[PDB]
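Protein chains in written order, with the authors' numbering: chain Cf, 2 to 123, 151 to 202; chain Ck, 11 to 25, 37 to 161; chain UT, 934 to 1109; chain CW, 2 to 383; chain Cd, 1 to 226; chain CS, 879 to 924; chain CZ, 538 to 579. The beta-carbon is built from N, C-alpha and C at its ideal position, and this holds for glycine as well.
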Amino acid sequence: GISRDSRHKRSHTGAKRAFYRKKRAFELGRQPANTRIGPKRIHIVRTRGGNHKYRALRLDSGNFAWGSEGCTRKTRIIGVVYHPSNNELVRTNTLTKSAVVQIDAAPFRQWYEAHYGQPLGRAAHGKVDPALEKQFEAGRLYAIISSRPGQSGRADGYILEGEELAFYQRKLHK
Amino acid sequence: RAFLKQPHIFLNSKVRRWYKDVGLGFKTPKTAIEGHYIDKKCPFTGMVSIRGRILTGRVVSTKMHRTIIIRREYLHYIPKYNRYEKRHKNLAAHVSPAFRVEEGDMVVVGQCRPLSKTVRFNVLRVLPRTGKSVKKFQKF
Amino acid sequence: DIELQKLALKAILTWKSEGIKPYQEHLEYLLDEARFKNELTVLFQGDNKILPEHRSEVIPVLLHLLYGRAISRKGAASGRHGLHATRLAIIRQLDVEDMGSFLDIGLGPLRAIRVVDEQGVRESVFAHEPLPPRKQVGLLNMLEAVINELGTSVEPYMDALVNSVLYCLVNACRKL
Amino acid sequence: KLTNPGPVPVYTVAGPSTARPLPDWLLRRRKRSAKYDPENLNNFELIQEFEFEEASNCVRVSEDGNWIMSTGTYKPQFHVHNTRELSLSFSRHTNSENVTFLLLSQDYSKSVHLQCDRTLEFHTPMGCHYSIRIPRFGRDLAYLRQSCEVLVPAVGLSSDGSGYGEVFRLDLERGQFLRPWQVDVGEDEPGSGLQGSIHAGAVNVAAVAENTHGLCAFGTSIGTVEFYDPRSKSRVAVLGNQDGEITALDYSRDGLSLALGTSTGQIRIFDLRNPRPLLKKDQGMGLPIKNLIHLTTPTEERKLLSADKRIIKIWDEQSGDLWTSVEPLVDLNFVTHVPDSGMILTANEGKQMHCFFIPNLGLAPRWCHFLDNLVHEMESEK
Amino acid sequence: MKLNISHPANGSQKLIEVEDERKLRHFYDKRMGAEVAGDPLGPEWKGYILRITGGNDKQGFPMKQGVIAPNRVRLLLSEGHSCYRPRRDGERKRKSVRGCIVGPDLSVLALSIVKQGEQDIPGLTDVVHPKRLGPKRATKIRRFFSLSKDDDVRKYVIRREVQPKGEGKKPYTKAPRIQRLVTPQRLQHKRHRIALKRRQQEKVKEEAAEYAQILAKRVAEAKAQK
Amino acid sequence: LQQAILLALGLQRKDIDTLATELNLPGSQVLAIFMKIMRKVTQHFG
Amino acid sequence: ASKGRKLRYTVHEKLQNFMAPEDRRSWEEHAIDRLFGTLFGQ
RNA sequence: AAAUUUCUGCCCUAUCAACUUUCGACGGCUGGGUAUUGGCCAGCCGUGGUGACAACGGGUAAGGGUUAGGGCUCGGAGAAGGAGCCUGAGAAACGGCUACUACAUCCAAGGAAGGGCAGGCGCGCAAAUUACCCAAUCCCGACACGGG
RNA sequence: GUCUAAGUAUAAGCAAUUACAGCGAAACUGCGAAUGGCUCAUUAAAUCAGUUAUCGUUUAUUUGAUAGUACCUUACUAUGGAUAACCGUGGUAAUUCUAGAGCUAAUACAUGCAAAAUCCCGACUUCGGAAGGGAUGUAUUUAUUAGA
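Following this line, the structure appears as structure tokens:
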């Protein structure tokens, strides 16, 4: 019964219409994924052209990018922090696209002290912004999910840095 | 809310503003060039592609969230009268904050993909004229 | 050999110890070829991280199996994404005392090697080989991964590191 | 079929053997391509298709006890079984992952469920009686049988009128939303959306009895139980300031002693007129207890305690002693018991729904008589 | 309930008429695949023990393993199950089936002796029955005969002699066309595959080099116009 | 409930039908329970 | 105004005669109305 | 192949001037799914949108290209009834399964399978083959053959 | 329903002068059935038509091309299992009902180690052909850079 059609809606003139045609297979709406915290629970489904997409529903580790310095690592997921759409998603701790989520700091700190070597979160090219260093001494940074976990099966994204970092931290304070 | 951002231009780097032309002999306004508004539905700012149909016309409604309405009049030929009959239409287009918006002006709009139920279109040029309210009438 | 390693682990669990007991499922999921990386990130940065009490009881078996899994060539792909990123992530997620015991198990004959004496050059040592060049290039890949994923913290093992790598270099320049 | 403890042995006849199972496609691939020797005797099923391929939400057995309706997650649906015939009667699907259901009739012929997309959907064996979209988001559900009216707690604050927090209610012989039962949750951010805010603004649990008086007990996220009375349409009590979000709410068989619990994992048994606790237990870790109901061996009374850390502890009430505790090896979303005796059913985050048998508490139920002989076979094994 | 007992190690099977449900009483309350001694059956059955593998009750409903019921139970069956061949593919048909528990209500019991006693059953233990086909793959035949790397499985085959029509002609031998045999033609096909591989790659090398010198010439002419 | 069943036959001395009625049971379940009883008294004896 | 967020008190036609009220209650109502009288407040 | 999408063109009627917002009515921001764009759906707020150039409502009476001409060409819902599921590149096949309902078959009574058009009568009196082949043209398959 | 030199033949199938050879029932595999048409409440620019657009999408089949990806501490070494058909023991009153027992194949499902290899560079150069310098695919997702 779920779909994407327009036959149930009204026109630009505000007028409705029957235009009753039976719901067809290219109009298909599929049930959403509440990608939450758990071990890997990903299903695979063939689609138009038999093309398989990965519906993740429980996920534990995502790959996130410290790309202002040049690495990305597969770290664990703590839990959602904020969703711009819905506090209910924030309540039930769901992983969607563009979702700011706290993650671990151990392999990132390992890479920092492996390349630069300066201990972090405990010359001049090794430089961490102070709020990011607060996240580092907390051991749990703020990244964001920029992948579709329901439509790619995976939680990939980038760490939160600088302007968007202060923006979303202020929104946490809101 | 969330943070407005150009989706694939790296900002948080320690060591740009992407704006594209639409071509077709159009000029990206300076407000679209460097004006710090960011909207995914503007042609120069967002990643939408203008193609196909080019049109123009007169606004009747500027008072909406980045959405104007163009009243399209034409002289339909009724054969029973052997005459040309005035028929007004109503159009839809997304307003970029790049242009200065006037009411009753002649606004040039080009076709992009459908951005809502109604909007399939984007402003590319505005001609500031002294057009009056809906009492006025002209083939355009 | 993965089958050898699996029967080995079965006899390891035949040794019934309370240190190895709460992680045995993680050992089995490490040895299962379809859940290697994800079982590794279940082990580390998970809820069931290693308790430091029986950590001494659990380290040797897991380091030995992890060495064997870094060595095994069957399931690895081509390029760097074949087995190089595996060793990369292994040494990225291992501990420095675990790195000392890891280099201890990694260096078979060159664990106790001396390249410099009271004299300058130990030619009596340098005019001998304990190893084939296949295991030598593997050794150098291992220690390169060690140094790159460690960084500064390579100080307390230097007296083995420099001896091993400098013996390999001097054997190389002798053979050229 | 195994057994977790020594003295009082529980018996997981069925469930996920592995907390992280492989993909089932690769599993059957390795099965059909590999030689394997499994324990064919002791490994078996009771009932056909006792799984949901991702997880499940809520199960209930009927008042007739012949139906097993379980709501499951991947391609969200609900499996209904005739437990007399040990198979799926059918499996009907829905539009989103269900929150929680309730059976109206003594058989499965009438079901209703609160569904995550702000909906209350109804179900006959013919099909679906049309869902009602509630105004605001909700947590749980209760049913006035003596005057058929569904009531549901709601999260957030009300839009107009007061700023309490509400319990939506709709009568079955009327058809309308009668009135949201205003239950005070507290304050919220004035600059926000209409769905409330994340920090607070939730009514969580609601409990009632349907043989005794059945006072409308409500539980809200500031850790507060309120009371309404049927035929009064009004609040009766405000009580129970606690630290955690109150998750448990269940009347006893007498209809007087209440056993609530807070999301710190702290369970409290109260008398309705004694404000002092009849009993208190702070156990496990801080990971929240979810489900707590009373249960009786044919002589004594005891209590469930289900905390989501794979912790299911049966405590005593008359002595307070922890009678037994089980680790079901997975996270679990629902627990029931058979009201006959014996079996403890648990919908999990895992693949297969997992269930348990206890012999010291009760017997194998009326539809699985030979389970006593199965635990006897285990007794011959050890 | 009559008893079809098989000695599968002997390859033999035998249905036997069995009365005296008193003597059958110990078979009750037994799941399939479980071990029960035939010693309380009869005096020729001393030392004998067997597992139970299936059976059909009155009205011939077969008995699935792993189902806790004593009575007849209405199940649903998918493709890869026994007791049910699917009418079409991807098909889950719902069918009634007798449960594991050996009740009083059977007609036959499928059993298999897994260990003999000292007595020999005159028709079950006594007669040997070979596998109708031996293996076809060369590694399988090499494993059975424990052959070496040189021993010519081609002559170490198993042959079958048959007498055809034509008024009693000579016997005729049959040999199962070994699948996993490396033939020089197959080796040649591998050579041909890798030859086409290297030929493709050198052709890409040639066209890349000639395109490189061509584009060098073209940009030389372009900047010469410039 | 084993102790009650053991009382009801071993010293109260009645039959399986009145046992089925009294402690509320359909059939041979109490017979299987005494099979368990025999199992435990045999694992004690010897 | 919006999708469902307002309680449109509309009589629902199939949702009209679902279940008859079944008074399953064990006491005599005088116990409980005295009980609600002398709850915590009294 | 399939799938959206743009401008134009409907027939009549004001005893049809207000309508839409009554499953959002229009935006714009964010998420979900879809092969993708899309209030298509879920959170956020803004205000609409159409109409006396004829909205909206009513009525049912459901054409286009090939141009001396006529010719010739093209042109929604269901498979006993609702509900759910299953293959495939493409179906929500009506091909299947499951429940409910309703018939209704055999039976040794414990069980088990299943639901079409065509024809003749339709007063007791009446009127067109129960023909044959895939021979040609065309269509489908491991495929020169097989089936239509 | 579906067979070609070019899938799997031990039919204890026919026909003959040495794993196999021809014909070849059966069975597995792959293809098929998005139609041929039958019924009946209609569809009043929503279909439909012209006219665009996909820089917003999926595509078995067609033919065209199409893959540089070694080594990487085992020091050692052209691979697996099922099962069908088949042989037998039955059950029931029984339908595409099928139980037990014993076989065997894949273009069915499954894994898959020679000091070289291959690129880009090349100093010197007799067109010599080369010292020796660097480096090791693809599919998925995210971030960055280039895109002159």
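Per DSSP, the continuous beta strand (DSSP E) segment holding residue 59 of chain CW begins and ends at 57-62. Scanning CW:80, CW:332, CW:269 for the CA closest to the CA of residue 246 of chain CW turns up CW:269.
One thing to note: residue 83 of chain Cd has its Cβ no nearer than 9 Å to the Cβ of residue 31 of chain Cd.
Excluding residues up to 5 positions away in sequence, 105, 106, 107 lie with their Cβ nearer than 8 Å to the Cβ of residue 58 of chain Cd in the same chain. Residue 310 of chain CW and residue 19 of chain CW have their C-alpha atoms some 16 Å from each other. Any Cβ of chain Cf closer than 9 Å to the Cβ of residue 1013 of chain UT would place that residue at the interface, and such an atom is absent. For residue 1035 of chain UT, the nearest beta carbon of chain Cf is not closer than 9 Å to its own beta carbon.
Take residue 114 of chain Cf, set aside five residues on each side of it, and the residues of its chain with a beta-carbon closer than 8 Å to its own are 120, 121, in chain order. Taking 9 Å as the threshold, the shortest C-beta distance from residue 1025 of chain UT to chain Cf falls below it. Annotation: residue 155 of chain CW has no Cβ neighbours in chain Cf at a cutoff of 7 Å; minimum Cβ distance is about 12 Å. For residue 110 of chain Cd, the CB contacts under 6 Å within the same chain, skipping 5 residues up- and downstream, are 4, 53, 54, 55 in chain order.
Boundaries of the alpha helix (DSSP H) harbouring residue 1001 of chain UT: 988-1004, taken from the DSSP string.
Against chain Cf, a Cβ distance below 7 Å from residue 74 of chain CW picks out 58.
If you look at residue 1019 of chain UT, you'll find it in the alpha helix (DSSP H) that goes 1017-1026.
Note that the C-beta distance between residue 90 of chain Ck and residue 119 of chain Ck is not below 9 Å. For chain Cf, the residues of the stretch 1082-1095 of chain UT that bring a beta carbon within less than 9 Å of one of its beta carbons are 1082, 1083, 1084, 1085, 1086, in chain order. Beta-bridge analysis with DSSP links residue 115 of chain Ck to Ck:88, Ck:143. Going by DSSP, residue 909 of chain CS is part of no beta strand (DSSP E) but of the alpha helix (DSSP H) stretching over 907-922. Residue 77 of chain Ck is a Cβ neighbour of residue 127 of chain Ck, given a cutoff of 9 Å.
The C-alpha of residue 9 of chain Cd lies about 35 Å from the C-alpha of residue 170 of chain Cd.
Within chain UT, no C-beta atom comes less than 7 Å from the C-beta of residue 288 of chain CW; the nearest is roughly 10 Å away. Listed in chain order, the beta strand (DSSP E) runs fully inside the stretch 299-339 of chain CW are 302-304, 312-317, 323-327, 333-338, counting runs of at least 3 residues.
In this structure, residue 43 of chain Cf keeps its C-beta atom at 9 Å or more from the C-beta atom of residue 97 of chain Cf.
Boundaries of the beta strand (DSSP E) around residue 51 of chain Cd: 49-57. Contact of residue 259 of chain CW with chain UT is not assigned, every C-beta pair being separated by 9 Å or more. Within the stretch 542-554 of chain CZ, those residues whose Cβ lies closer than 9 Å to any Cβ of chain CW are, in chain order, 542, 543, 544, 545, 546, 547, 548, 549, 550, 551, 552, 553, 554.
Against chain CW, the beta carbon of residue 101 of chain Cf has no neighbour under 9 Å; the closest one sits roughly 13 Å away. Closer than 9 Å to the CB of residue 274 of chain CW there is at least one CB belonging to chain CZ. Restricting attention to UT:971, UT:1100, UT:990, UT:1087, the CA atom closest to the CA of residue 945 of chain UT is found in UT:990.
By the neighbour-count criterion, in which 16 or more other beta carbons inside 10 Å mark a residue as buried, residue 346 of chain CW falls on the buried side. When CB distances to chain UT are screened at a threshold of 9 Å, the residues of the stretch 17-36 of chain CW falling below it are 19, 20, 21, 23, 24, 27, 31, in chain order. Assignment of beta-bridge partners to residue 105 of chain Cf by DSSP yields Cf:168. Shown in chain order are the members of the stretch 70-85 of chain Cf whose Cβ falls below 7 Å from a Cβ of chain Ck: 85. Residue 108 of chain CW is positioned such that its CB atom lies closer than 9 Å to that of residue 67 of chain CW. Around the beta-carbon of residue 1 of chain Cd, 16 or more other beta-carbon atoms lie within 10 Å, marking it buried.
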